[PDB]
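Since the structure comes first, as structure tokens, the remarks are kept for the end.
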Amino acid sequence: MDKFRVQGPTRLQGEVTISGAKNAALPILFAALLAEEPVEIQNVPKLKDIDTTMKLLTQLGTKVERXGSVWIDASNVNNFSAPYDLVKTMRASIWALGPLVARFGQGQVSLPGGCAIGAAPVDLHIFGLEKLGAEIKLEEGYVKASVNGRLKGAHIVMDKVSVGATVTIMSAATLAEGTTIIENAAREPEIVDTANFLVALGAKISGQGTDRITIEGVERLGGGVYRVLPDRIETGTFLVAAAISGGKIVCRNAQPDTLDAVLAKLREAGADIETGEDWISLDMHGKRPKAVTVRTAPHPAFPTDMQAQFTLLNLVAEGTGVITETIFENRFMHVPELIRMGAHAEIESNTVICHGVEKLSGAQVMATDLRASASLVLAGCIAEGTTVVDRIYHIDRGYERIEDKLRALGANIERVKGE
Ligand SMILES: CC(=O)N[C@H]1[C@@H](OP(=O)(O)OP(=O)(O)OC[C@H]2O[C@@H](n3ccc(=O)[nH]c3=O)[C@H](O)[C@@H]2O)O[C@H](CO)[C@@H](O)[C@@H]1O
């Protein structure tokens with residue numbers, strides 16, 4: 001089991017080029033199942049999740065290749081089942097379901113359990129699919145979908161905001177008969193990205209980015225070329241990296257507009273931030289961050305995907321900070337890890353009360369999920385001494401070359417083996 005050996009403290013400064021959004025490349029890769037014609041998805045990050053996705057696609061009968069871009073040929077998709085062995089490591093696997101039934105009249109996906117930040121119920125996916133006319137069956141640890149003829153447009157009122165379900169529903173609706181309305185749709189930039197991708201294929205979608213998405217189904221989707229938007233969470237992660245280390249950083253290939261809340265939060269922490277068309281600069285001026293209050297919520301609010309990072313920020317900030325996680329139920333795994341590093345925090349249900357300390361101490365800590373893993377590595381960067389982050393495979397799933405990137409920023413980091 002690989003681990004990150006990190007030597008701190010090290011001020012994180014310099015530049016980083018933001019990779020394509022894992023969160024947009026994923027739903028787009030899946031949406032590509034809808035494409036009858038060649039598809040080119042550009043700016044796709046090199047992540048384990050992308051590999052897993054590519055493998056899954058291939059299993060379905062998709063022709064897939066990659067470098068920067070991922071080339072997809074789903075003309076011959078002829079296998080409508082995503083087996084446990086292929087979906088097991090990735091919650092996003094559910095995305096194969098919608099495209100499959102929407103295009104093929106049938107699909108089945110083994111239910112992945114998802115990472116420990118919280119359960120992965122897919123009731124909203126099923127809900128929307130059912131609304132679209134699909135018959136859903138939960139059997140054999142599988143979610144089975146079918147429909148006679150085409151899916152049918154429907155007015156789908158989402159009682160909960162779901163990034164994943166919004167993608168499934170939006171995607172599936174592009175092939176439905178008639179118009180679909182997704183009320184209370186997730187607004188995430190990844191939804192906009194996926195919607196734009198769909199449109200590039202011939203889909204009729206509007207309202208993406210707003211709480212109301214309108215899809216006018218079409219008989220079939222063609223092909224196209226689409227560039228995945230920058231990874232806002234990667235961007236936020238690097239920003240925080242500088243923000244907690246008294247550093248200065250410039251994020252290249254960034255999309256400032258996808259980070260309003262995070263940037264404002266960083267400003268609250270005292271960061272000197274500037275933004276350009278495709279870049280974001282953060283300058284701490286050697287300053288310690290100021291503690292902040294964070295309430296995660298659906299886009300455009302503060303992203304739960306920045307939660308662990310901000311917890312860290314608070315933990316080394318000046319003052320008492322409060323972080324409320326409203327999206328996931330088990331997303332405080334990083335807290336004990338950080339406390340082992342000398343952090344001071346109390347958890348009250350979905351809120352973590354942070355008491356920033358001047359300095360962390362290197363420790364043996366364990367990555368439990370994507371964001372937390374990255375958080376721990378950052379903590380190792382600024383902590384005094386040696387930090388060993390175990391199970392970095394977590395980070396490999398969703399970060400492209402974080403090791404290289406961190407190194408380029410001055411981090412003393414090493415990937416080691418040994419369970
Ligand atoms: C691959 C990808 O893009 N992952 C992101 C996506 O995941 P994900 O799509 O899983 O996020 P959701 O928005 O759907 O989940 C939000 C909340 O809704 C619940 N829920 C979701 C679906 C459903 O059918 N029923 C249900 O109860 C969840 O378990 C959680 O408690 O959005 C999250 C919220 O910004 C991010 O943190 C994840 O990194």
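In the structure tokens, each chain is lettered A, B, ... as it comes, each chain's residues begin at 1, and ligands are numbered from 1 in order of appearance.
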
- Tell me which protein, DNA and RNA residues are within 9 Å of residue 347 (chain A), counting only C-alpha atoms, leaving out same-chain ones fewer than 6 positions away, and put them as number ranges by chain. A: 332, 335, 353-354

Go ahead and save the picked residues with N, CA, C and O atoms, as a CSV table (one decimal), in the first residue's frame.
```
chain,number,residue,atom,x,y,z
A,332,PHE,N,-16.0,13.7,8.3
A,332,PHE,CA,-15.1,14.3,9.3
A,332,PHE,C,-14.0,13.4,9.6
A,332,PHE,O,-13.3,13.6,10.6
A,335,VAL,N,-10.6,14.7,10.6
A,335,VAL,CA,-10.5,15.4,11.9
A,335,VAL,C,-9.6,14.7,12.9
A,335,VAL,O,-8.6,15.3,13.4
A,353,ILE,N,-15.9,22.1,15.3
A,353,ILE,CA,-15.4,23.3,15.9
A,353,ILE,C,-13.9,23.3,15.9
A,353,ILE,O,-13.3,22.5,16.6
A,354,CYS,N,-13.3,24.2,15.2
A,354,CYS,CA,-11.9,24.3,15.0
A,354,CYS,C,-11.2,25.3,15.9
A,354,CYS,O,-11.7,26.5,16.0
```

- Message: Could you list, as an NGL selection string, all residues that come within 8 Å of ligand 1? Count only C-alpha atoms and all ligand atoms.
- Response: :A and (22-24 or 26-27 or 91-92 or 118-127 or 160-166 or 186 or 188 or 190 or 297-299 or 303-305 or 327-329)

- Tell me, as a ChimeraX atom specification, which residues lie within 12 Å of region 138-149 of chain A, counting only C-alpha atoms; anything in the same chain fewer than 5 positions away does not count. /A:80-84,87-88,93-113,121-123,125-133,172,175-177,219

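In terms of minimum interatomic distance to residue 86 (chain A), A:54 ranks closest within A:137, A:401, A:66, A:54, counting only C-alpha atoms.
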
- Item | Straight-line distance linking CA of residue 234 (chain A) with CA of residue 331 (chain A), stated in Å to one decimal | 17.9 Å

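Proximity ranking of A:285, A:46, A:267, A:359 relative to residue 316 (chain A) places A:359 first, based on only C-alpha atoms.
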
- Got a sec: who's within 8 Å of residue 367 (chain A), counting only C-alpha atoms, leaving out chain neighbours fewer than 4 positions off, as number ranges by chain? A: 334, 372-374, 376, 389-392, 394

Write a file of the selected residues as a PDB file, in the first residue's frame, keeping N, CA and C atoms.
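This went into result22.pdb:
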```pdb
ATOM      1  N   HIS A 334     -11.091  13.062   8.508  1.00  0.00           N
ATOM      2  CA  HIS A 334      -9.805  13.751   8.570  1.00  0.00           C
ATOM      3  C   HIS A 334      -9.549  14.399   9.917  1.00  0.00           C
ATOM      4  N   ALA A 372      -9.894  14.244   2.002  1.00  0.00           N
ATOM      5  CA  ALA A 372      -9.185  14.083   3.259  1.00  0.00           C
ATOM      6  C   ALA A 372      -7.762  13.681   2.987  1.00  0.00           C
ATOM      7  N   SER A 373      -7.561  12.769   2.032  1.00  0.00           N
ATOM      8  CA  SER A 373      -6.210  12.340   1.681  1.00  0.00           C
ATOM      9  C   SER A 373      -5.344  13.480   1.270  1.00  0.00           C
ATOM     10  N   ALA A 374      -5.875  14.303   0.372  1.00  0.00           N
ATOM     11  CA  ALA A 374      -5.158  15.469  -0.101  1.00  0.00           C
ATOM     12  C   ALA A 374      -4.913  16.408   1.059  1.00  0.00           C
ATOM     13  N   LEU A 376      -4.565  15.679   4.254  1.00  0.00           N
ATOM     14  CA  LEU A 376      -3.493  15.122   5.064  1.00  0.00           C
ATOM     15  C   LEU A 376      -2.137  15.397   4.458  1.00  0.00           C
ATOM     16  N   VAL A 389       1.316   9.731   5.084  1.00  0.00           N
ATOM     17  CA  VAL A 389      -0.082   9.532   4.765  1.00  0.00           C
ATOM     18  C   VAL A 389      -0.266   8.185   4.162  1.00  0.00           C
ATOM     19  N   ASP A 390      -1.025   7.340   4.835  1.00  0.00           N
ATOM     20  CA  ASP A 390      -1.250   5.986   4.351  1.00  0.00           C
ATOM     21  C   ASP A 390      -2.396   5.893   3.365  1.00  0.00           C
ATOM     22  N   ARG A 391      -2.400   4.869   2.514  1.00  0.00           N
ATOM     23  CA  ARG A 391      -3.492   4.683   1.567  1.00  0.00           C
ATOM     24  C   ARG A 391      -3.675   5.812   0.591  1.00  0.00           C
ATOM     25  N   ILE A 392      -2.600   6.332   0.017  1.00  0.00           N
ATOM     26  CA  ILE A 392      -2.764   7.424  -0.926  1.00  0.00           C
ATOM     27  C   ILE A 392      -3.424   6.985  -2.191  1.00  0.00           C
ATOM     28  N   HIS A 394      -6.232   6.575  -2.497  1.00  0.00           N
ATOM     29  CA  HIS A 394      -7.397   7.450  -2.456  1.00  0.00           C
ATOM     30  C   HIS A 394      -7.196   8.670  -3.289  1.00  0.00           C
TER      31      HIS A 394
END
```

- Quick one: pick out all helix (DSSP H, G or I) residues within region 227-299 of chain A from a backbone DSSP run and write them as a ChimeraX atom specification. /A:232-243,256-268

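If you look at CA of residue 79 (chain A) and CA of residue 49 (chain A), they are 20.6 Å away from each other.
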
Contacts of residue 68 (chain A) at 8 Å (only C-alpha atoms; same-chain gap of 3+ positions) as an mmCIF file with N, CA, C and O atoms, in the first residue's frame:
```cif
data_model
loop_
_atom_site.group_PDB
_atom_site.id
_atom_site.type_symbol
_atom_site.label_atom_id
_atom_site.label_comp_id
_atom_site.auth_asym_id
_atom_site.auth_seq_id
_atom_site.Cartn_x
_atom_site.Cartn_y
_atom_site.Cartn_z
ATOM 1 N N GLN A 42 -11.554 16.253 -24.442
ATOM 2 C CA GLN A 42 -10.251 16.868 -24.184
ATOM 3 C C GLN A 42 -10.040 17.300 -22.767
ATOM 4 O O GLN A 42 -11.009 17.464 -22.038
ATOM 5 N N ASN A 43 -8.787 17.484 -22.365
ATOM 6 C CA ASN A 43 -8.522 17.926 -21.006
ATOM 7 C C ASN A 43 -9.001 16.968 -19.951
ATOM 8 O O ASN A 43 -9.479 17.414 -18.904
ATOM 9 N N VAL A 44 -8.901 15.671 -20.226
ATOM 10 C CA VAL A 44 -9.303 14.656 -19.270
ATOM 11 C C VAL A 44 -8.165 14.323 -18.382
ATOM 12 O O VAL A 44 -7.104 13.909 -18.855
ATOM 13 N N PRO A 45 -8.351 14.477 -17.069
ATOM 14 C CA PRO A 45 -7.263 14.171 -16.149
ATOM 15 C C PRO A 45 -6.867 12.728 -16.142
ATOM 16 O O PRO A 45 -7.696 11.849 -16.427
#
```

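The spacing separating CA of residue 63 (chain A) from CA of residue 223 (chain A) amounts to 13.4 Å.
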
- Message: I'd like the neighbourhood of residue 356 (chain A) as a list in words, where a residue qualifies if any of its atoms comes within 7 Å (using only C-alpha atoms), though same-chain residues fewer than 2 positions away should be ignored.
- Response: residues 314, 315, 316, 317, 318, 319, 320, 343, 344, 354 and 358 of chain A

Go ahead and write the selection's residues with N, CA and C atoms as a short mmCIF file (atom, residue, chain, number, x, y, z; two decimals), in the first residue's frame.
```cif
data_model
loop_
_atom_site.label_atom_id
_atom_site.label_comp_id
_atom_site.auth_asym_id
_atom_site.auth_seq_id
_atom_site.Cartn_x
_atom_site.Cartn_y
_atom_site.Cartn_z
N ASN A 314 -8.63 25.86 8.84
CA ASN A 314 -9.08 26.28 10.16
C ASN A 314 -8.19 25.79 11.24
N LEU A 315 -7.78 24.53 11.11
CA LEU A 315 -6.93 23.92 12.10
C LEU A 315 -5.57 24.56 12.28
N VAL A 316 -5.10 25.31 11.30
CA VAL A 316 -3.82 25.98 11.46
C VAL A 316 -4.01 27.47 11.38
N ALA A 317 -5.26 27.89 11.48
CA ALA A 317 -5.58 29.29 11.40
C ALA A 317 -5.55 29.96 12.73
N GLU A 318 -5.67 31.27 12.68
CA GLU A 318 -5.73 32.09 13.87
C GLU A 318 -7.17 32.20 14.29
N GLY A 319 -7.52 31.63 15.44
CA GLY A 319 -8.88 31.75 15.90
C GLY A 319 -9.70 30.48 15.82
N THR A 320 -10.96 30.61 16.21
CA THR A 320 -11.88 29.50 16.20
C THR A 320 -12.69 29.51 14.96
N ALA A 343 -3.78 19.17 15.97
CA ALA A 343 -4.90 20.07 15.75
C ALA A 343 -5.85 20.00 16.92
N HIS A 344 -6.62 21.06 17.11
CA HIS A 344 -7.61 21.14 18.18
C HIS A 344 -8.98 21.28 17.59
N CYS A 354 -13.35 24.23 15.16
CA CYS A 354 -11.90 24.32 15.01
C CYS A 354 -11.23 25.35 15.88
N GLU A 358 -0.75 27.00 16.02
CA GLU A 358 0.33 27.59 15.23
C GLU A 358 1.00 26.63 14.32
#
```
